[PDB]
Amino acid sequence: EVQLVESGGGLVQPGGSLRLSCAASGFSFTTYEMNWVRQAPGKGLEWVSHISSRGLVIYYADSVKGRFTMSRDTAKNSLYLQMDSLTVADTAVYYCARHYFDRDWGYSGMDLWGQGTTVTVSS
Amino acid sequence: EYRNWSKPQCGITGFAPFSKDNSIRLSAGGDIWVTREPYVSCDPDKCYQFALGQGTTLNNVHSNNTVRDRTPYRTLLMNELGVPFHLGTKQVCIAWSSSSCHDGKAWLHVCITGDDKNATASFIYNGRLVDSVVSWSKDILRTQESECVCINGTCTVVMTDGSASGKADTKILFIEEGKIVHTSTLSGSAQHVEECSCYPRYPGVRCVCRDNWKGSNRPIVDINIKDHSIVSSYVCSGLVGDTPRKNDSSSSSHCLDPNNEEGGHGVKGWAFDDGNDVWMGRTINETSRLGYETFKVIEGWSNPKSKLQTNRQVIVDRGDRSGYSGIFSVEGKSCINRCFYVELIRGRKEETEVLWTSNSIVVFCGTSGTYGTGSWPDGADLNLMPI
Amino acid sequence: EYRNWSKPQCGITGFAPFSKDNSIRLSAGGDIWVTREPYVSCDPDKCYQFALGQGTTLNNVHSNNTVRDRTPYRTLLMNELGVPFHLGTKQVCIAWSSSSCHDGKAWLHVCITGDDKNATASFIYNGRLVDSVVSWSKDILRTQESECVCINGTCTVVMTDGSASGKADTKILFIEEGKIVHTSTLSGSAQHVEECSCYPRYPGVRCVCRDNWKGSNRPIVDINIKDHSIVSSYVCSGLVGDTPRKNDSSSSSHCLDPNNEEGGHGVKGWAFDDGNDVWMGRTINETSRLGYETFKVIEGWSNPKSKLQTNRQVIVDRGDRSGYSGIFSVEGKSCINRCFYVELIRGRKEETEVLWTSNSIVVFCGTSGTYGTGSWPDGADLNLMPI
Amino acid sequence: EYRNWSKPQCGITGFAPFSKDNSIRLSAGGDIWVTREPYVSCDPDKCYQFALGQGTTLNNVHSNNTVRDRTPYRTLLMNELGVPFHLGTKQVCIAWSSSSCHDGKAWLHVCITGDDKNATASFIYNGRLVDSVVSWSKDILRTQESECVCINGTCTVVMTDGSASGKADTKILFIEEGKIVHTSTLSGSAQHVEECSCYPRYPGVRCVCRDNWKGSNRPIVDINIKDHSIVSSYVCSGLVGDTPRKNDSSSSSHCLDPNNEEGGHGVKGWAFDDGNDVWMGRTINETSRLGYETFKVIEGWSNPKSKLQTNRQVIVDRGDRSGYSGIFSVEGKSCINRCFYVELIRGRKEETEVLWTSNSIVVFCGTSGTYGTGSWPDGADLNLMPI
Amino acid sequence: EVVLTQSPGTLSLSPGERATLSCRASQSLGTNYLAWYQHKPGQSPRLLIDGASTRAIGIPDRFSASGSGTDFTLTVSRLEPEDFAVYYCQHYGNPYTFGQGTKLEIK
Ligand SMILES: *[C@@H]1O[C@H](CO)[C@@H](O[C@@H]2O[C@H](CO)[C@@H](O[C@@H]3O[C@H](CO[C@H]4O[C@H](CO)[C@@H](O)[C@H](O[C@H]5O[C@H](CO)[C@@H](O)[C@H](O)[C@@H]5O)[C@@H]4O)[C@@H](O)[C@H](O[C@H]4O[C@H](CO)[C@@H](O)[C@H](O)[C@@H]4O[C@H]4O[C@H](CO)[C@@H](O)[C@H](O)[C@@H]4O)[C@@H]3O)[C@H](O)[C@H]2NC(C)=O)[C@H](O)[C@H]1NC(C)=O
Ligand SMILES: *[C@@H]1O[C@H](CO)[C@@H](O[C@@H]2O[C@H](CO)[C@@H](O[C@@H]3O[C@H](CO[C@H]4O[C@H](CO)[C@@H](O)[C@H](O[C@H]5O[C@H](CO)[C@@H](O)[C@H](O)[C@@H]5O)[C@@H]4O)[C@@H](O)[C@H](O[C@H]4O[C@H](CO)[C@@H](O)[C@H](O)[C@@H]4O[C@H]4O[C@H](CO)[C@@H](O)[C@H](O)[C@@H]4O)[C@@H]3O)[C@H](O)[C@H]2NC(C)=O)[C@H](O)[C@H]1NC(C)=O
Ligand SMILES: *[C@@H]1O[C@H](CO)[C@@H](O[C@@H]2O[C@H](CO)[C@@H](O[C@@H]3O[C@H](CO[C@H]4O[C@H](CO)[C@@H](O)[C@H](O[C@H]5O[C@H](CO)[C@@H](O)[C@H](O)[C@@H]5O)[C@@H]4O)[C@@H](O)[C@H](O[C@H]4O[C@H](CO)[C@@H](O)[C@H](O)[C@@H]4O[C@H]4O[C@H](CO)[C@@H](O)[C@H](O)[C@@H]4O)[C@@H]3O)[C@H](O)[C@H]2NC(C)=O)[C@H](O)[C@H]1NC(C)=O
Ligand SMILES: *[C@@H]1O[C@H](CO)[C@@H](O[C@@H]2O[C@H](CO)[C@@H](O[C@@H]3O[C@H](CO)[C@@H](O)[C@H](O)[C@@H]3O)[C@H](O)[C@H]2NC(C)=O)[C@H](O)[C@H]1NC(C)=O
Ligand SMILES: *[C@@H]1O[C@H](CO)[C@@H](O[C@@H]2O[C@H](CO)[C@@H](O)[C@H](O)[C@H]2NC(C)=O)[C@H](O)[C@H]1NC(C)=O
Ligand SMILES: *[C@@H]1O[C@H](CO)[C@@H](O[C@@H]2O[C@H](CO)[C@@H](O)[C@H](O)[C@H]2NC(C)=O)[C@H](O)[C@H]1NC(C)=O
Ligand SMILES: *[C@@H]1O[C@H](CO)[C@@H](O[C@@H]2O[C@H](CO)[C@@H](O)[C@H](O)[C@H]2NC(C)=O)[C@H](O)[C@H]1NC(C)=O
Ligand SMILES: *[C@@H]1O[C@H](CO)[C@@H](O[C@@H]2O[C@H](CO)[C@@H](O)[C@H](O)[C@H]2NC(C)=O)[C@H](O)[C@H]1NC(C)=O
Ligand SMILES: *[C@@H]1O[C@H](CO)[C@@H](O[C@@H]2O[C@H](CO)[C@@H](O)[C@H](O)[C@H]2NC(C)=O)[C@H](O)[C@H]1NC(C)=O
Ligand SMILES: *[C@@H]1O[C@H](CO)[C@@H](O[C@@H]2O[C@H](CO)[C@@H](O)[C@H](O)[C@H]2NC(C)=O)[C@H](O)[C@H]1NC(C)=O
Ligand SMILES: *[C@@H]1O[C@H](CO)[C@@H](O)[C@H](O)[C@H]1NC(C)=O
Ligand SMILES: *[C@@H]1O[C@H](CO)[C@@H](O)[C@H](O)[C@H]1NC(C)=O
Ligand SMILES: *[C@@H]1O[C@H](CO)[C@@H](O)[C@H](O)[C@H]1NC(C)=O
Ligand SMILES: *[C@@H]1O[C@H](CO)[C@@H](O)[C@H](O)[C@H]1NC(C)=O
Ligand SMILES: *[C@@H]1O[C@H](CO)[C@@H](O)[C@H](O)[C@H]1NC(C)=O
Ligand SMILES: *[C@@H]1O[C@H](CO)[C@@H](O)[C@H](O)[C@H]1NC(C)=O
Ligand SMILES: [Ca+2]
Ligand SMILES: [Ca+2]
Ligand SMILES: [Ca+2]
């Protein structure tokens with residue numbers, strides 16, 4: 001069975017760093033596009049970042065741009081989010097999701113989602 | 001022994017029915033491969049059908065969610081034209097992209113498989129793995145999905161690598177007995193080139209491709225099989241053949257450049273030239289892959305601004321599903337005939353009453369005689385077939 | 001007409017994908033033989049796949065508890081490379097051990113069946129039962145489980161008889177048109193020799209075997225096809241290829257003797273030499289048959305104490321099941337190419353959600369061009385397949 | 001081009017395993033013909049298996065109550081030796097009795113079908129219906145149920161017509177390219193002759209038949225392929241081969257006449273001669289068709305009262321089911337080899353847990369080398385198979 | 001950008017009538033790169049509609065969607081107790097953007 005498991009969510013004082021780590025089982029990142037998506041407490045799903053199957057970071061949300069770094073290890077099938085200079089607005093539930101780029105039809109849409117990991121900025 | 005395609009082109013007034021496989025109808029009872037992206041190619045004796053199978057049959061648990069195109073399990077299946085892809089089908093290489101030639105002596109298969117970043121193209125000739133190439137642009141390496149063309153033992157394969165909407169590196173590979181003897185980078189006015197339908201326009205090869213980035217007209221690649229010189233342009237007819245495309249009244253070509261009209265995606269198709277006129281085929285619906293019609297545009301290969309049609313045929317009806325189509329040439333007694341195949345796609349992402357995606361094929365060939373009307377859909381009823 | 005393998009060895013920088021059968025995925029829907037211990041061999045035209053079938057299909061009541069290896073019902077199945085073992089497969093002899101040659105004129109099959117104490121090897125050439133031999137050590141008579149090699153019509157088969165952990169009598173049989181013309185007892189430094197992967201290193205045959213008694217390095221048997229003189233040694237590279245084996249940080253070899261490291265059991269595998277370097281393949285997991293990688297050890301055929309890899313490839317992933325692998329040589333236009341096959345085992349004794357055991361095959365061939373990355377597992381989902 | 005069988009007979013010390021079809025085991029999953037009365041015959045290249053199929057598969061509603069032998073639906077099925085009778089099997093004539101030759105140029109099929117009173121024998125050569133004969137005795141016309149023998153283009157077929165327990169008219173038909181050129185009435189000391197196993201004992205044909213009326217020894221028919229002169233006698237060995245038969249200690253033979261011991265019914269079997277000794281095969285159980293053993297009786301072809309076996313083999317275990325067995329000869333490089341086949345019957349009238357009757361085949365060939373022990377039953381478990 | 005305005009901020013209805021959810025587009029966009037998701041609190045988001053007209057694998061038949069250019073709509077033709085959640089419309093072509101949501105509540 002395919003599954004995505006996020007881990008790394010924790011309290012961070014403002015100005016800190018946390019690394020989130022989404023582990024994938026049942027498929028390879030070498031053929032799927034991977035996404036980080038967040039829901040702020042009280043608000044709606046925001047697309048944080050997107051990485052291609054070919055390894056390039058196509059997008060970073062304007063707020064996260066310059067502070068977050070998204071990467072992947074295709075040997076362990078892991079996705080990483082290095083968050084630096086965390087502000088209180090970045091407290092949220094984080095989600096790793098998966099979609100596809102088809103040669104014929106194109107981008108498909110996020111069909112596999114993780115459990116989620118909570119990142120809370122305190123004081 | 002070698003094949004040189006030296007004869008003239010046969011007089012074509014239209015196309016006559018040639019073959020039908022009824023794959024989906026037989027899949028309801030019986031074990032039939034789940035395929036897509038088919039084509040046809042002929043050795044000097046008979047004709048063969050090829051497809052990219054998803055490594056499973058249709059009445060199978062593994063048939064669920066087979067809409068993807070790049071999996072480690074897709075292989076290239078080859079039968080004689082007419083024999084459905086039953087469980088005795090020989091699968092001739094690991095490939096999620098493919099192309100195939102016959103140079104008059106042995107079959108050549110170009111098979112692309114592997115990771116999306118680092119992909120491998122194996123060149124198999126006469127049952128040997130003769131050569132191999134890696135991605136140059138470190139992207140989805142892909143090829144014609146139809147037959148390639150050999151002249152005097154030198155076969156030509158068009159391979160694209162790079163972004164689907166942007167500048168991609170397209171190369172033309174000249175292969176001799178499976179060994180790549182030369183490689184020419186694409187040069188000319190065609191910006192995006194994909195999934196080319198090539199035919200031997202002696203003394204060279206002419207390919208009509210798809211523009212998946214900025215045009216609804218089709219690109220043209222003229223390969224000089226001898227000097228290895230490439231020329232690129234666009235199909236000049238005012239009735240463009242890609243889909244999505246604008247309605248007949250509002251369409252336009254440029255004969256050199258993309259038209260910048262509804263050019264976001266496209267479908268693999270074909271076209272060839274009869275003097276100044278162009279024989280072409282496209283889907284009847286301008287936005288979905290529904291139906292399939294072929295016709296002739298008068299002065300369509302030389303004049304943009306021509307929308308005069310004639311000799312129209314309806315191969316598949318307006319409300320019936322079609323897909324990829326392509327051309328292949330057959331050596332006749334005194335001339336070279338042009339045939340085409342249409343892929344009739346059925347299943348998920350457009351019909352949500354099944355969990356699988358598969359295709360059937362319908363094959364027509366040009367004729368100098370007369371012909372009637374008809375419509376040859378797939379015919380499968382998915383409301384009764386197993387999910 | 002005879003085959004003499006006189007050409008040099010092709011320049012090998014790596015291996016490119018060549019074939020995949022998808023047997024287990026097709027077995028979920030359709031009638032496919034239950035097999036194990038496969039291999040590949042080619043006549044001068046095309047290539048064939050062989051397997052030892054358990055006398056039943058997978059969606060069968062008789063598929064239950066097929067983990068045994070010696071039953072009166074196992075036969076040798078032969079198809080063209082690519083065609084899955086459907087019900088039309090020709091089973092060419094009664095055998096629970098087997099090997100196969102093509103001398104350029106006709107196929108040779110060595111087939112072992114019978115009681116563990118008595119056991120008979122039938123030598124079948126050109127569709128005739130030409131010869132037969134009985135067990136010499138009155139134990140489990142067994143053979144290469146891969147292709148044998150013929151040079152000038154004289155084919156060579158390595159057959160072992162005796163204890164798996166102890167001194168066993170290994171012989172090399174020289175066959176001419178199915179008739180055994182000579183038999184040489186094994187002599188040299190290799191103590192236990194089993195399941196050899198042989199290739200024509202003109203002017204002779206070189207076999208890389210498994211040591212199932214006291215070593216995790218592989219034995220080497222050099223057969224002089226002419227003088228019938230046998231030499232034995234061990235693969236000298238510091239990165240040993242048998243499984244179970246010790247970790248790369250602490251593994252050793254002797255280049256003459258077993259290393260006495262994790263040598264209790266083993267797996268059938270291959271290796272060959274490029275000058276002083278050794279091209280080899282092994283499982284990625286050091287203890288279970290999980291994954292499969294091939295690479296090149298620099299000065300590995302000449303020096304124990306070399307652990308320098310290069311040109312590593314991952315044919316099957318770390319978490320995907322593999323099994324027996326072997327080598328076969330293909331005569332090219334100007335040189336001799338080396339290919340290998342990997343057996344992907346699925347089912348009981350390692351996955352207890354099914355009652356059967358079967359295998360699929362994945363075939364790669366050496367290339368002088370470039371290649372990418374990938375992974376080609378079996379792909380079957382046993383949670384959904386019938387038990 | 002013609003086949004004349006001129007070479008000597010190969011030195012035979014025993015028989016080695018050659019083939020197994022596993023028909024019943026595969027029938028549990030998959031579509032396999034319901035057959036019975038099989039045999040084997042070889043053209044100068046490879047060997048083929050024939051059977052009389054009941055016009056249905058085993059997992060079929062029509063498989064119910066297929067113990068009859070004479071229905072309008074039985075046809076003659078032919079595959080290569082080894083390929084199971086799947087749904088792609090070519091059925092070569094309408095027949096509930098059959099025999100088959102290969103004269104070195106084309107196949108000859110003798111096929112008997114029709115009413116029990118007025119029956120028709122069609123002679124088919126090279127894919128043409130060349131000749132036809134009607135019943136002479138207006139009874140169940142029947143033939144060898146195994147291969148016939150051709151020498152210099154003249155093939156010979158033994159056909160019986162009349163009462164099973166009484167005087168029946170047996171004839172030997174000499175056929176040339178499908179046309180019956182001569183017909184000799186049987187003459188000699190053999191009273192009842194049925195289901196003959198014939199082999200080319202150059203310069204003639206020697207057939208060992210069954211006595212279904214008054215003997216448990218087997219008849220012998222010596223046909224002079226040239227003078228068309230027939231001689232008849234009985235197998236002279238004291239160990240008789242028919243079943244039902246008396247126990248070894250209390251059995252007898254006459255060399256000329258039926259022994260009048262347990263001669264009521266019988267089973268089709270074989271025997272041939274090595275000098276004065278006789279190589280023979282029979283069921284292990286003396287009353288039921290259970291098991292199968294072959295051995296050599298010393299001075300058994302010339303001396304009755306001889307009960308001195310040697311070189312005994314157990315082809316099918318004593319507790320397992322067998323049936324019809326027969327001989328066929330294979331032209332070797334320097335001599336003529338003798339092989340036999342055993343039919344392993346499974347199903348109704350002896351195992352009442354299924355409603356069908358079918359068979360599997362096991363094939364052995366003579367060898368000048370050594371051999372071991374074993375047992376190769378059918379292996380089907382009828383408690384779990386569909387009824 | 002293409003702010004997607006999901007039109008009904010909260011919808012309350014009874015288990016068994018129809019529910020028309022709207023998604024507005026600031027500027028016209030390719031009508032095949034829009035999707036509809038269901039988020040139930042405590043559960044991960046689940047994709048319902050793809051390409052603005054294609055139901056996903058496993059989604060019941062109740063939900064269907066339509067759209068073109070700036071207008072998009074999804075209707076659960078006959079509601080069920082479970083189908084009460086937040087609904088997002090997403091544009092997964094360039095420029096990437098989500099919606100704010102519509103909450104279906106039992107009333
Ligand atoms: C038995 O079978 C035969 C063969 O299958 C059929 O014959 C074929 O019939 C077709 C259809 O009539 C002929 O197709 C040609 O169509 C051209 C236009 O195509 C029309 O359909 C398309 C798609 O719907 C529209 O795009 C076209 O354009 C329309 O809209 C645009 C604007 O977007 C306008 O600008 C257009 O004017 C249209 O409004 C068309 O509707 C058509 O131009 C072409 O013209 C021929 O016929 C017209 C009159 O119909 C003549 O004036 C013209 O000069 C051409 O005349 C030749 O052909 C006719 C036979 O149709 C001969 O009688 C004349 O002597 C002359 O040779 C044509 O209509 C196709 O050419 C034709 N093929 C043959 C004959 O080989 C039979 O119909 C079929 N009969 C049945 C069903 O029993
Ligand atoms: C696109 O596809 C191509 C083709 O498939 C890929 O190219 C191949 O890449 C592989 C992997 O990098 C190359 O494999 C080689 O690995 C050798 C060591 O084996 C390693 O794996 C095993 C198993 O996991 C480990 O046990 C080893 O680890 C041990 O040693 C390392 C370091 O030594 C320690 O860190 C470990 O803890 C262990 O102790 C290894 O990790 C390796 O020796 C080999 O060597 C090259 O690189 C080293 C420098 O790192 C050089 O010293 C050496 O001379 C070689 O340098 C080459 O590369 C450069 C640049 O290409 C060339 O310019 C030179 O001419 C020379 O060729 C190597 O790393 C494999 O060789 C390579 N094949 C080819 C044909 O290129 C691409 O990776 C892939 N890219 C993608 C994914 O897009
Ligand atoms: C590995 O495989 C090989 C090949 O498969 C086996 O070798 C074969 O073994 C069988 C074993 O019996 C040999 O069969 C021959 O059987 C003859 C018939 O007797 C048997 O059948 C009758 C009917 O079943 C039974 O009743 C017998 O039992 C008794 O009853 C009869 C009378 O009813 C008595 O006569 C007997 O004494 C018993 O009371 C048996 O089952 C048998 O006559 C024949 O004779 C051999 O031995 C006698 C002495 O008894 C000699 O006089 C005679 O010349 C034969 O001796 C030769 O063969 C032996 C090998 O067995 C050599 O060592 C001698 O040098 C000499 O050459 C014999 O028993 C069959 O011949 C043999 N085939 C070969 C060797 O090719 C191995 O057994 C098997 N081994 C393993 C590990 O399982
Ligand atoms: C066809 O393929 C799809 C995609 O794999 C299958 O849908 C998925 O099915 C699995 C197994 O049923 C679902 O996992 C589930 O997890 C939950 C725990 O949250 C558990 O309660 C369920 O019993 C199940 O194990 C998975 O979520 C579901 N996913 C999707 C995308 O719908 C489907 O089962 C296959 N259908 C058929 C008919 O073969
Ligand atoms: C062909 O397509 C064009 C659009 O490219 C249609 O033209 C528009 O049609 C609508 C509806 O009639 C009008 O509201 C617009 O004012 C038209 N705009 C343009 C750009 O002309 C045209 O009507 C279509 N023709 C047919 C017959 O379908
Ligand atoms: C071409 O195909 C489209 C589907 O992409 C058709 O559009 C449908 O039209 C009917 C009304 O005619 C609507 O009820 C459907 O909602 C539309 N969409 C779908 C997805 O079914 C269109 O009519 C077809 N015809 C042409 C020539 O545009
Ligand atoms: C390689 O295997 C050796 C054992 O052959 C490992 O060495 C032992 O490792 C454990 C755990 O670290 C230690 O407690 C022992 O003291 C080590 N003993 C020896 C014999 O050295 C070694 O750690 C393994 N190396 C790796 C990198 O996995
Ligand atoms: C090689 O395979 C073995 C299985 O033989 C793996 O061992 C498993 O490791 C995980 C933890 O990593 C344990 O939870 C399992 O209990 C282990 N055993 C089994 C049978 O699953 C091992 O991790 C693999 N990897 C290597 C390189 O040793
Ligand atoms: C072989 O068969 C004969 C019968 O043909 C058996 O001889 C009879 O056996 C029974 C039981 O021992 C005696 O009651 C009879 O008196 C015997 N009659 C004859 C005709 O001799 C003989 O015993 C059988 N031998 C074996 C070893 O089974
Ligand atoms: C030969 O086969 C017969 C069956 O025809 C066997 O006879 C059976 O013997 C057992 C006891 O040994 C009885 O319980 C059965 O009732 C018998 N009949 C059947 C139909 O099973 C006989 O034992 C076999 N053996 C020989 C050599 O005669
Ligand atoms: C092409 O080949 C044919 C037959 O092989 C030959 O007759 C013809 O002259 C060739 N054409 C050219 C241009 O060489
Ligand atoms: C094809 O072959 C013929 C004969 O060799 C030659 O005359 C002609 O130039 C060739 N044309 C090519 C290379 O396309
Ligand atoms: C091997 O055979 C080829 C062709 O049969 C021949 O050209 C070559 O000389 C042979 N090699 C030797 C060493 O005899
Ligand atoms: C094979 O035969 C050829 C020709 O007789 C000979 O030259 C060559 O040495 C032979 N090779 C071997 C090693 O048998
Ligand atoms: C039988 O045929 C072979 C080859 O056809 C021939 O050599 C032999 O002499 C023939 N025998 C007789 C007796 O004519
Ligand atoms: C068979 O044919 C050969 C050649 O014609 C002849 O010598 C021989 O006598 C013939 N034998 C028979 C049995 O007819
Ligand atoms: Ca386009
Ligand atoms: Ca070992
Ligand atoms: Ca009798």
# chains A, B, ... in the order shown; residues from 1 in each chain; ligands from 1

$ residues_around --residues "residue 57 (chain C)" --least-positions-apart "4" --cutoff "9 Å" --atoms "only C-alpha atoms" --output "list in words"
residues 27, 31, 32, 33, 34, 35, 53, 61, 62, 63, 86 and 87 of chain C; 25, 26, 28, 29 and 30 of chain D

$ residues_around --residues "residue 48 (chain E)" --least-positions-apart "4" --cutoff "10 Å" --atoms "only C-alpha atoms" --output "number ranges by chain"
A: 111; E: 35-38, 52-60, 63-65, 74, 87-88

$ write_last_selection --atoms "N, CA and C atoms" --output "PDB file, in the first residue's frame"
ATOM      1  N   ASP A 111      -3.393  13.248  -5.457  1.00  0.00           N
ATOM      2  CA  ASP A 111      -4.284  12.155  -5.087  1.00  0.00           C
ATOM      3  C   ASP A 111      -3.858  11.425  -3.823  1.00  0.00           C
TER       4      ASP A 111
ATOM      5  N   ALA E  35      -9.209  21.382  -9.797  1.00  0.00           N
ATOM      6  CA  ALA E  35      -9.576  20.200  -9.033  1.00  0.00           C
ATOM      7  C   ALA E  35     -10.364  20.597  -7.795  1.00  0.00           C
ATOM      8  N   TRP E  36     -11.103  19.636  -7.248  1.00  0.00           N
ATOM      9  CA  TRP E  36     -11.954  19.825  -6.080  1.00  0.00           C
ATOM     10  C   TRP E  36     -11.618  18.769  -5.038  1.00  0.00           C
ATOM     11  N   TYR E  37     -11.328  19.219  -3.816  1.00  0.00           N
ATOM     12  CA  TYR E  37     -10.945  18.374  -2.693  1.00  0.00           C
ATOM     13  C   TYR E  37     -11.948  18.480  -1.557  1.00  0.00           C
ATOM     14  N   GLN E  38     -11.982  17.433  -0.739  1.00  0.00           N
ATOM     15  CA  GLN E  38     -12.823  17.344   0.448  1.00  0.00           C
ATOM     16  C   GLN E  38     -11.898  17.223   1.647  1.00  0.00           C
ATOM     17  N   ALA E  52     -11.728  19.398 -13.548  1.00  0.00           N
ATOM     18  CA  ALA E  52     -12.984  20.128 -13.424  1.00  0.00           C
ATOM     19  C   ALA E  52     -14.196  19.300 -13.831  1.00  0.00           C
ATOM     20  N   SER E  53     -13.996  18.085 -14.341  1.00  0.00           N
ATOM     21  CA  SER E  53     -15.128  17.259 -14.741  1.00  0.00           C
ATOM     22  C   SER E  53     -14.955  15.777 -14.442  1.00  0.00           C
ATOM     23  N   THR E  54     -13.806  15.348 -13.931  1.00  0.00           N
ATOM     24  CA  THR E  54     -13.501  13.929 -13.814  1.00  0.00           C
ATOM     25  C   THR E  54     -13.533  13.496 -12.357  1.00  0.00           C
ATOM     26  N   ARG E  55     -14.401  12.560 -12.014  1.00  0.00           N
ATOM     27  CA  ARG E  55     -14.399  12.068 -10.627  1.00  0.00           C
ATOM     28  C   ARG E  55     -13.187  11.209 -10.423  1.00  0.00           C
ATOM     29  N   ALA E  56     -12.676  11.168  -9.229  1.00  0.00           N
ATOM     30  CA  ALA E  56     -11.470  10.441  -8.869  1.00  0.00           C
ATOM     31  C   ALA E  56     -11.774   8.953  -8.708  1.00  0.00           C
ATOM     32  N   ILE E  57     -10.739   8.186  -8.378  1.00  0.00           N
ATOM     33  CA  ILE E  57     -10.874   6.746  -8.183  1.00  0.00           C
ATOM     34  C   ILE E  57     -11.467   6.470  -6.811  1.00  0.00           C
ATOM     35  N   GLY E  58     -12.697   5.972  -6.775  1.00  0.00           N
ATOM     36  CA  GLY E  58     -13.294   5.581  -5.513  1.00  0.00           C
ATOM     37  C   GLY E  58     -14.342   6.543  -5.003  1.00  0.00           C
ATOM     38  N   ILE E  59     -14.411   7.726  -5.604  1.00  0.00           N
ATOM     39  CA  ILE E  59     -15.394   8.720  -5.163  1.00  0.00           C
ATOM     40  C   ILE E  59     -16.793   8.246  -5.531  1.00  0.00           C
ATOM     41  N   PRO E  60     -17.779   8.369  -4.645  1.00  0.00           N
ATOM     42  CA  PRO E  60     -19.154   7.993  -4.994  1.00  0.00           C
ATOM     43  C   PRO E  60     -19.675   8.771  -6.193  1.00  0.00           C
ATOM     44  N   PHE E  63     -21.247  13.061  -6.271  1.00  0.00           N
ATOM     45  CA  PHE E  63     -20.550  14.320  -6.614  1.00  0.00           C
ATOM     46  C   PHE E  63     -20.276  14.357  -8.105  1.00  0.00           C
ATOM     47  N   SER E  64     -20.607  15.457  -8.762  1.00  0.00           N
ATOM     48  CA  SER E  64     -20.267  15.626 -10.188  1.00  0.00           C
ATOM     49  C   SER E  64     -19.782  17.055 -10.339  1.00  0.00           C
ATOM     50  N   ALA E  65     -18.976  17.354 -11.335  1.00  0.00           N
ATOM     51  CA  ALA E  65     -18.559  18.754 -11.416  1.00  0.00           C
ATOM     52  C   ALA E  65     -18.622  19.246 -12.839  1.00  0.00           C
ATOM     53  N   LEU E  74     -19.552  22.414  -8.352  1.00  0.00           N
ATOM     54  CA  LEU E  74     -19.582  20.979  -7.988  1.00  0.00           C
ATOM     55  C   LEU E  74     -20.914  20.723  -7.296  1.00  0.00           C
ATOM     56  N   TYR E  87     -14.753  22.138   1.385  1.00  0.00           N
ATOM     57  CA  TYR E  87     -14.536  21.830  -0.020  1.00  0.00           C
ATOM     58  C   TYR E  87     -13.605  22.894  -0.614  1.00  0.00           C
ATOM     59  N   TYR E  88     -12.515  22.456  -1.236  1.00  0.00           N
ATOM     60  CA  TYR E  88     -11.574  23.400  -1.815  1.00  0.00           C
ATOM     61  C   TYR E  88     -11.549  23.199  -3.319  1.00  0.00           C
TER      62      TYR E  88
END

$ residues_around --residues "residue 90 (chain E)" --least-positions-apart "3" --cutoff "12 Å" --atoms "only C-alpha atoms" --output "PyMOL selection string"
(chain A and resi 37+44-47+108-110) or (chain E and resi 2-6+23-25+29+31-38+47-52+72+87+93-101)
